[PDB]
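Student:
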Amino acid sequence: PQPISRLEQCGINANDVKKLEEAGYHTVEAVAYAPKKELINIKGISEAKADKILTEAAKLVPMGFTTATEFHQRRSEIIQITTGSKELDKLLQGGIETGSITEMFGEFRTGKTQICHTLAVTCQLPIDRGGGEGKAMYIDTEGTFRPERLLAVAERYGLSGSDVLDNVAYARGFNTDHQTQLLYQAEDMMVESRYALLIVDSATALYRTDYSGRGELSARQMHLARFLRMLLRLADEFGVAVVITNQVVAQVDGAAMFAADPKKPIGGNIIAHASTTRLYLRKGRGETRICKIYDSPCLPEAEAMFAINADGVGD
Amino acid sequence: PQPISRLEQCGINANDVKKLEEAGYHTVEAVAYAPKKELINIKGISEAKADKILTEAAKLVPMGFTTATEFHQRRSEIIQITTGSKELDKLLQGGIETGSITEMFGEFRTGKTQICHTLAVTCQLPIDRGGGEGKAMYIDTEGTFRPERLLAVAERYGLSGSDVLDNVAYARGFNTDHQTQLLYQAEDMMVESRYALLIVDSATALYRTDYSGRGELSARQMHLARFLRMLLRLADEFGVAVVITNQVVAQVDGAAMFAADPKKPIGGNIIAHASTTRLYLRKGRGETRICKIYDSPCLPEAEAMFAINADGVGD
Amino acid sequence: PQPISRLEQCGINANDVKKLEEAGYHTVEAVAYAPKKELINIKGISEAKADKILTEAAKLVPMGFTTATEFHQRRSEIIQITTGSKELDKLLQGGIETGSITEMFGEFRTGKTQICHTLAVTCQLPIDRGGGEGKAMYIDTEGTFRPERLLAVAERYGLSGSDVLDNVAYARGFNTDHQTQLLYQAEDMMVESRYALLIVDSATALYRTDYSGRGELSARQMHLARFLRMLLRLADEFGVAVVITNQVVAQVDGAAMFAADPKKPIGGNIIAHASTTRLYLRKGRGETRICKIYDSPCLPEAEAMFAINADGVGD
DNA sequence: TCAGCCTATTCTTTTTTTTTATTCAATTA
DNA sequence: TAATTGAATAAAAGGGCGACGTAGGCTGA
Ligand SMILES: Nc1ncnc2c1ncn2[C@@H]1O[C@H](COP(=O)(O)OP(=O)(O)NP(=O)(O)O)[C@@H](O)[C@H]1O
Ligand SMILES: Nc1ncnc2c1ncn2[C@@H]1O[C@H](COP(=O)(O)OP(=O)(O)NP(=O)(O)O)[C@@H](O)[C@H]1O
Ligand SMILES: Nc1ncnc2c1ncn2[C@@H]1O[C@H](COP(=O)(O)OP(=O)(O)NP(=O)(O)O)[C@@H](O)[C@H]1O
Ligand SMILES: [Mg+2]
Ligand SMILES: [Mg+2]
Ligand SMILES: [Mg+2]
Numbered sequence: 085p086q087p088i089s090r091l092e093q094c095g096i097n098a099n100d101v102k103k104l105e106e107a108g109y110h111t112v113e114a115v116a117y118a119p120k121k122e123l124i125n126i127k128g129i130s131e132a133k134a135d136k137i138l139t140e141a142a143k144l145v146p147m148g149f150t151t152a153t154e155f156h157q158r159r160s161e162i163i164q165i166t167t168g169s170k171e172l173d174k175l176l177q178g179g180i181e182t183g184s185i186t187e188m189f190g191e192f193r194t195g196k197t198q199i200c201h202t203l204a205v206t207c208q209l210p211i212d213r214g215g216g217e218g219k220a221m222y223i224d225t226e227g228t229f230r231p232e233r234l235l236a237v238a239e240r241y242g243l244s245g246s247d248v249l250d251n252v253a254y255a256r257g258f259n260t261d262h263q264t265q266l267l268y269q270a271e272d273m274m275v276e277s278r279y280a281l282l283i284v285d286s287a288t289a290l291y292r293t294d295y296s297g298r299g300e301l302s303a304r305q306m307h308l309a310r311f312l313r314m315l316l317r318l319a320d321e322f323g324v325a326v327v328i329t330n331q332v333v334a335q336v337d338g339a340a341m342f343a344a345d346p347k348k349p350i351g352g353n354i355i356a357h358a359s360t361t362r363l364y365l366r367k368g369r370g371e372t373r374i375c376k377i378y379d380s381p382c383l384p385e386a387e388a389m390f391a392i393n394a395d396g397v398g399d
Numbered sequence: 085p086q087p088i089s090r091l092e093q094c095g096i097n098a099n100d101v102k103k104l105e106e107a108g109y110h111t112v113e114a115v116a117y118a119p120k121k122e123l124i125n126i127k128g129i130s131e132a133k134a135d136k137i138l139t140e141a142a143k144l145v146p147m148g149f150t151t152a153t154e155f156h157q158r159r160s161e162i163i164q165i166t167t168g169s170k171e172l173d174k175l176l177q178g179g180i181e182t183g184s185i186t187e188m189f190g191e192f193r194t195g196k197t198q199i200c201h202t203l204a205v206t207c208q209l210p211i212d213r214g215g216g217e218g219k220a221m222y223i224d225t226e227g228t229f230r231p232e233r234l235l236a237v238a239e240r241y242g243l244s245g246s247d248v249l250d251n252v253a254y255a256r257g258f259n260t261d262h263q264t265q266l267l268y269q270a271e272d273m274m275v276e277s278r279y280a281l282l283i284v285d286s287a288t289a290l291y292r293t294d295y296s297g298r299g300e301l302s303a304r305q306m307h308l309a310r311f312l313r314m315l316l317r318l319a320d321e322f323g324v325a326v327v328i329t330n331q332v333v334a335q336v337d338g339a340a341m342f343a344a345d346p347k348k349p350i351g352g353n354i355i356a357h358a359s360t361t362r363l364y365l366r367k368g369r370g371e372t373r374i375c376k377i378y379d380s381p382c383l384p385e386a387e388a389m390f391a392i393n394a395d396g397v398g399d
Numbered sequence: 085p086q087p088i089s090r091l092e093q094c095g096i097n098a099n100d101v102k103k104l105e106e107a108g109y110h111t112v113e114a115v116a117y118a119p120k121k122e123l124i125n126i127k128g129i130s131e132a133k134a135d136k137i138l139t140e141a142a143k144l145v146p147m148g149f150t151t152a153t154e155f156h157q158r159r160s161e162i163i164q165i166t167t168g169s170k171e172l173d174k175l176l177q178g179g180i181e182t183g184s185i186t187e188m189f190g191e192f193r194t195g196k197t198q199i200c201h202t203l204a205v206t207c208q209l210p211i212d213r214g215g216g217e218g219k220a221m222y223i224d225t226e227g228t229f230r231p232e233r234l235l236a237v238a239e240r241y242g243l244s245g246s247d248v249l250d251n252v253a254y255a256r257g258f259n260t261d262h263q264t265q266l267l268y269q270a271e272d273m274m275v276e277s278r279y280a281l282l283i284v285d286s287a288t289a290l291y292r293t294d295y296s297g298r299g300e301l302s303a304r305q306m307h308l309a310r311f312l313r314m315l316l317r318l319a320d321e322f323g324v325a326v327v328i329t330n331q332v333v334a335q336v337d338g339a340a341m342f343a344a345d346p347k348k349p350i351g352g353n354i355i356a357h358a359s360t361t362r363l364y365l366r367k368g369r370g371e372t373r374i375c376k377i378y379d380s381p382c383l384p385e386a387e388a389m390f391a392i393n394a395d396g397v398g399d
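Residue numbers (the numbering used here), protein chains in the order written: chain A, 85 to 399; chain B, 85 to 399; chain C, 85 to 399.
1) If you measure from the CB of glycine 195 of chain A, is any heavy atom of ligand 4 nearer than 6 Å?
2) Does the beta-carbon of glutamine 331 of chain A, which I'm using as the reference point, lie nearer than 6 Å to any heavy atom of ligand 1?
3) Pull up the distance between the alpha-carbon of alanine 391 of chain B and that of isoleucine 199 of chain B, whole angstroms please.
4) What do you reckon, are the CB atoms on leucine 123 of chain B and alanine 134 of chain B nearer than 7 Å?
5) Would the beta-carbon of residue 402 of chain A be found less than 6 Å away from any heavy atom of ligand 1?
6) Using 7 Å as the threshold, is the C-beta distance between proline 349 of chain A and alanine 334 of chain A below it?
7) Alpha carbon to alpha carbon, what distance is there between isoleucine 137 of chain C and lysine 102 of chain C?
8) Measure the C-alpha to C-alpha separation of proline 85 of chain C and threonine 111 of chain C and round it to an integer number of angstroms.
9) For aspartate 320 of chain B, go through chain A and note every residue whose CB falls closer than 7 Å to its CB, in chain order.
10) List the whole-angstrom C-beta distance separating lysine 127 of chain C from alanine 303 of chain B, where the pair is believed to meet the contact cut-off of C-beta under 8 Å.
11) Taking only runs that begin and end inside the segment 135-195 of chain C, name each unbroken beta strand (DSSP E) of 3 or more residues, in chain order.
12) Along chain B, in chain order, which residues have C-beta atoms closer than 8 Å to that of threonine 153 of chain C?
13) Show which residues of chain B have a CB atom less than 9 Å away from the CB atom of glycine 352 of chain C.
14) I need the boundaries of the beta strand (DSSP E) containing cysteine 200 of chain B, first residue and last residue.
15) The segment 116-146 of chain B: which residues have C-beta closer than 7 Å to a C-beta of chain A, in chain order?
16) Short check: CB of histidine 307 of chain B to CB of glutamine 331 of chain A, under 7 Å?
17) So, do the segment 263-270 of chain A and the segment 305-325 of chain A have three or more beta carbon pairs nearer to each other than 8 Å?
18) Alpha carbon to alpha carbon, how far is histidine 156 of chain B from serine 184 of chain B?
19) So what's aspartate 320 of chain B in DSSP terms, helix, strand or just coil?
20) Helix, strand or coil for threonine 264 of chain A per DSSP?
21) Take the Cβ of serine 277 of chain B as the centre, count every other Cβ of all protein chains shown within 10 Å, and call the residue buried at 16 or more, exposed below.
22) Between the Cα of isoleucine 129 of chain C and the Cα atoms of C:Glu105, C:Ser359, C:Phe342 and C:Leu316, which residue gives the shortest distance?
23) Please state whether the Cβ-Cβ distance between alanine 238 of chain A and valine 252 of chain A is less than 7 Å.
24) State the CB to CB distance for the pair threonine 206 of chain C and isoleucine 165 of chain C, rounded to an integer number of angstroms; the pair is presumed to be in contact (CB under 8 Å).
25) Look up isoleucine 223 of chain B in the DSSP assignment and give the residues it is bridged to.
26) Residues in the same chain with beta-carbon distance under 6 Å from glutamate 191 of chain A, minus the five sequence neighbours each way, listed in chain order, please.
27) May I have the straight-line CA-CA distance separating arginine 240 of chain A from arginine 298 of chain B, to the nearest angstrom?
28) To the nearest angstrom, how far is the alpha carbon of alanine 386 of chain A from that of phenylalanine 189 of chain A?
29) Would the C-beta of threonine 228 of chain B count as close to ligand 2, meaning under 6 Å from any of its heavy atoms?
30) List the whole-angstrom C-beta distance separating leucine 234 of chain C from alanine 204 of chain C, where the pair is believed to meet the contact cut-off of C-beta under 8 Å.
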């Protein structure tokens, strides 16, 4: 967590340093690793001083070629905030990945609001219990924010009641353009304090409910690539873990029985380029559920069980 | 629940208040739930005036991140009206909740419309007697409005019939779009008098008879999702309770394995992610039927038992 | 009961108003009962003028939001035709509520084709003796229409059957699509003269023979669903008691018990959800038949003995 | 011409078919 | 003297088994 108070040097004034705050660029990681075509069209920053803010951002955080052994250390330095389920820690090799896109499939009753509200108390746990010891936030868009589920699974982990009440924040995401106004604000709390998890269970559901296909046909598409350009900028900012429940379409293959999958879910191929690690969830018998990793040479294809019981997502 | 009679501040002219009204969004809650580019496509609106509506309405309603010890109270203000027999109410922890989506689905003669008529008398009850002291809004397309039942359950709770008849009102949608034609009625009446409940007793029955051509996103699915976000909108506009009713299909693929008669009710995944909770209907013996809850994030998957008696639901 | 001549105003063209009548829409309620896109799909129509109908269909008939009091005045304004038997009316609490689908399924020889003969006679009475005093319709797809049987009921009620033979009009179906076509001719007759009873006394006897099952079933069921939409709209325009005779299969599994003999009325769910007053017909001893009630919004699960005499239904 | 025709290459590896209701202490003497 | 049940059973295996079609679109036209 680093603000842009470092970026006040080399002839810069106090007026222009606020014009990076009001543009949405609240971190020093936002300045160097952004493409140049979005930074230059702001009214009131000239071309020579725009080349001044990129050259001071180059030497602090390096964009040059770094050793591949440092990348393997960048692969293993993940905190791996565990889901509470030890089978998934044997499936995803020790929990969720902080800073990589981790997508979970779901249609109905598969525990999607139950997995998000067990992880939302996990962010206070120490690193031996798996959690990252940090604040977090659950932004909901389907009107399914639960205090009772949040308060009960804290008793499973044995914490108090009032500390997790000061934990995960919530705002109702009304619109697809309201996904952006929280995102500039969610980086602004990242200036205020450290955060370790961000969860939205129905981010793609707003895409299902704003753009009446077709006629807009690209407007439903580029707003997904927009939203998947913002969150990876926060994922490259600190290394925050992302947890998104994505919905699934029932593909019509129902003649007869050969590879009959009501599948190939929504979001398109442009989330498929961004989802380096995908998961499939589905109903089993009773209330027990099953996870399988998809669309990932990073994680091996296997299956395990996570059981939504009265205590939480456990066994 | 606030109207646009207060937005007429800081240069907003009188033309854009009432043309926003008739076009479909009567409340400033709906303006925050309206998108950016959708406001531009109304004839009589420019792009510069489209900023002056959404930004100035953002001065009215706040959308910041609020901590988890405040929605615990925001859920606690829910009136959570009763269901007429406490075995369902203890299954539902008091009864159905306001500001959510609740669904009853079952085969036939199972009381999909009879659980409506007992909820239709609840809205004029006091808060000690479950009711939010308001009015309910009954919509049905099949023709299951039988107001002699509404005389009956008012005598179940003692109160007179005429004042109840001055209350809850009716509409019958003949078309899929005719639902959204009569949907504007909601807000319209809503701001004139506080309503406790909305009933659409045939959500997807009209959609069952107007498919796309072969199953596709058109009127069968997209206009269904256009419908449900407005049902989401009314849940977020006023917090008014609403019950929804989906018909049921059979399964022709499941040869005589574990259960020879499974159902999987219609609508696919678009209804399912808009679905907050469901309660499955199936008959027992005679007047005894059975409610089984489906897909609640806050309540377990338990089962209860009611009976359609002459006074209404009972035991 | 208002035709397209009540629509021919306001500079609306005379070339499209016959295209409605070519598409079966002979009255302004039907286009008000029709969704927007399908009328746009009609060839040779102006799209805006089609919308100009859709605001003037909204003007001519009440599609506006009303309160249950005037409904309860208008729902009391139903002719409520008696069924010839004294015991059957008090079972149904005053006979057959006009404007509704009342289904009568049973085995062979129970009286399904018998009662539909007697109902066509008792329409011609004045309303004091539970008559309707209107024309009535007979759609047969079995050939079991027998006008000699009507004259026996005519002598029972002191009415000259020669006068009753100038009314009820015969028709005969042969196909699935010859059936649904026969509504569109009949709709006109409903404009040009008052009716009370449109019987389809083997309405689902024909869909079983002309579609196999497990494949070509969805082509049956959707087309069965396309049938009832035209059928419910005939009830609501002209105020006509709609009587459907369903046949019945025998269910074949370990559900074989007594007094249910498990029958499972054919037509799945789409013939079930379109019930207002679903019946059931068992044979007792001899001519004493036993009419159990299913699936009705206002009636209890009772039964009433009735004997099919030499002169119609008797007691 | 489209509409009937033609069946272009594909492509990736693993999940769950019952029950007549006694034990006991009984839920009441 | 309470006495009927709130509770609980399983390794064998049935009076059971069957789906639309727009996707490469030649030739007839
Ligand atoms: N009090 C409770 N006790 C036990 N289990 C519970 C309780 N409340 C909820 N559950 C479980 O929560 C599960 C709900 O799964 P879930 O997939 O989160 O539903 P959902 O996500 O809210 N539906 P949706 O809004 O469409 O995402 C149920 O299957 C229950 O087993
Ligand atoms: N006076 C009454 N006494 C007892 N039961 C009644 C009485 N009136 C109606 N019922 C029952 O109420 C139920 C009404 O049917 P219901 O199941 O609500 O409609 P439904 O599920 O929508 N089927 P459908 O109306 O065709 O779509 C039936 O089970 C009737 O037996
Ligand atoms: N003149 C009569 N006197 C007495 N009973 C009669 C007379 N004519 C017919 N019936 C009875 O009417 C009943 C006809 O049964 P009904 O159920 O109407 O026919 P149905 O079953 O529909 N024929 P089907 O199409 O094969 O089902 C029989 O039980 C006859 O005994
Ligand atoms: Mg869930
Ligand atoms: Mg019902
Ligand atoms: Mg008969």
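All residues carry an ideal CB built from backbone N, CA and C; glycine is no exception.
Tutor: So, from the listed chains and residues:
1) Against the first sequence, residue 195 of chain A aligns to sequence position 111. Flag set: Cβ of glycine 195 of chain A near ligand 4.
2) As a first step, residue 331 of chain A is located in the first sequence; it is residue number 247 there, counting from the start. Not a single heavy atom of ligand 1 lies less than 6 Å from the C-beta of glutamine 331 of chain A.
3) Here the question's residue 391 of chain B lines up with position 307 in the second sequence. Here the question's residue 199 of chain B lines up with position 115 in the second sequence. Their backbone Cα atoms lie some 10 Å apart in a straight line.
4) As a working note, residue 123 of chain B is residue 39 in the second sequence. As a working note, residue 134 of chain B is residue 50 in the second sequence. Yes, the pair counts as a contact, with Cβ atoms nearer than the cut-off.
5) Residue 402 of chain A lies beyond the stretch modelled for chain A, which goes from 85 to 399, so this question has no answer here.
6) If you number the first sequence from 1, residue 349 of chain A lands on position 265. If you number the first sequence from 1, residue 334 of chain A lands on position 250. No, they are not a contact pair.
7) Walking along the third sequence from the start, residue 102 of chain C turns up at place 18. Walking along the third sequence from the start, residue 137 of chain C turns up at place 53. For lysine 102 of chain C and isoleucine 137 of chain C, the distance between alpha carbons rounds to 13 Å.
8) Here residue 85 of chain C refers to the residue found at position 1 of the third sequence. Here residue 111 of chain C refers to the residue found at position 27 of the third sequence. Cα-Cα distance, rounded: 7 Å.
9) Working through the second sequence from its first residue, we reach residue 320 of chain B at position 236. What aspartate 320 of chain B touches in chain A: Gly227 and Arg256.
10) Translated into the one-based positions of the third sequence, residue 127 of chain C becomes position 43. Translated into the one-based positions of the second sequence, residue 303 of chain B becomes position 219. The C-beta separation of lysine 127 of chain C from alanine 303 of chain B comes to about 20 Å, leaving the pair out of contact by the 8 Å criterion.
11) Qualifying beta strand (DSSP E) stretches, in chain order: 185-187.
12) As a first step, residue 153 of chain C must be located in the third sequence, where it is residue number 69. Within chain B, the residues near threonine 153 of chain C are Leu249 and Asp250.
13) In the third sequence, the residue the question calls residue 352 of chain C occupies position 268. By Cβ distance, chain B contributes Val333 and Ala334.
14) Numbered from its first residue, the second sequence carries residue 200 of chain B at position 116. The continuous stretches of beta strand (DSSP E) do not include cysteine 200 of chain B, which lies in the alpha helix (DSSP H) extending over residues 198-203.
15) Hits within the stretch, in order: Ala116, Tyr117, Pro119 and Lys120.
16) Stepping through the second sequence from its first residue, residue 307 of chain B is reached at position 223. Stepping through the first sequence from its first residue, residue 331 of chain A is reached at position 247. In this structure, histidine 307 of chain B keeps its C-beta atom at 7 Å or more from the C-beta atom of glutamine 331 of chain A.
17) Yes: at least three Cβ pairs fall under 8 Å.
18) As a position in the second sequence, residue 156 of chain B is number 72, starting the count at 1. As a position in the second sequence, residue 184 of chain B is number 100, starting the count at 1. Spanning the alpha carbons of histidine 156 of chain B and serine 184 of chain B requires a straight line of approximately 16 Å.
19) Working through the second sequence from its first residue, we reach residue 320 of chain B at position 236. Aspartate 320 of chain B falls in the helix class under three-state DSSP.
20) Numbered from 1 along the first sequence, position 180 holds the residue referred to as residue 264 of chain A. Helix at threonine 264 of chain A.
21) Taking the first residue of the second sequence as 1, we reach residue 277 of chain B at position 193. Its Cβ having fewer than 16 others within 10 Å, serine 277 of chain B is exposed.
22) Taking the third sequence and counting its residues from 1, the one referred to as residue 129 of chain C is at position 45. The alpha carbon of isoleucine 129 of chain C has as its nearest neighbour, out of C:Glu105, C:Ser359, C:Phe342 and C:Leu316, the alpha carbon of C:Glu105.
23) Here residue 238 of chain A refers to the residue found at position 154 of the first sequence. Here residue 252 of chain A refers to the residue found at position 168 of the first sequence. Cβ atoms of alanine 238 of chain A and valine 252 of chain A: not closer than 7 Å.
24) Your numbering for residue 206 of chain C matches position 122 in the third sequence. Your numbering for residue 165 of chain C matches position 81 in the third sequence. Taking the Cβ atoms as the reference, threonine 206 of chain C lies roughly 7 Å from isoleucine 165 of chain C, within the contact range of under 8 Å.
25) Against the second sequence, residue 223 of chain B aligns to sequence position 139. Answer by DSSP bridge pairing, in chain order: B:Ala255 and B:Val284.
26) Here residue 191 of chain A is taken as the residue at index 107 of the first sequence, counted from 1. Around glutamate 191 of chain A: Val332.
27) Walking along the first sequence from the start, residue 240 of chain A turns up at place 156. Walking along the second sequence from the start, residue 298 of chain B turns up at place 214. Between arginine 240 of chain A and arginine 298 of chain B, the C-alpha separation is close to 48 Å.
28) Within the first sequence, residue 386 of chain A is the residue found at index 302, counting from 1. Within the first sequence, residue 189 of chain A is the residue found at index 105, counting from 1. Spanning the two alpha carbons is a distance of roughly 15 Å.
29) The residue labelled residue 228 of chain B in the question sits at position 144 within the second sequence. Inclusion of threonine 228 of chain B in the 6 Å shell around ligand 2 follows from its C-beta lying nearer than that to a non-hydrogen atom of the ligand.
30) Position 150 of the third sequence, counted from the first residue, corresponds to residue 234 of chain C. Position 120 of the third sequence, counted from the first residue, corresponds to residue 204 of chain C. Right, their Cβ atoms sit about 6 Å apart.
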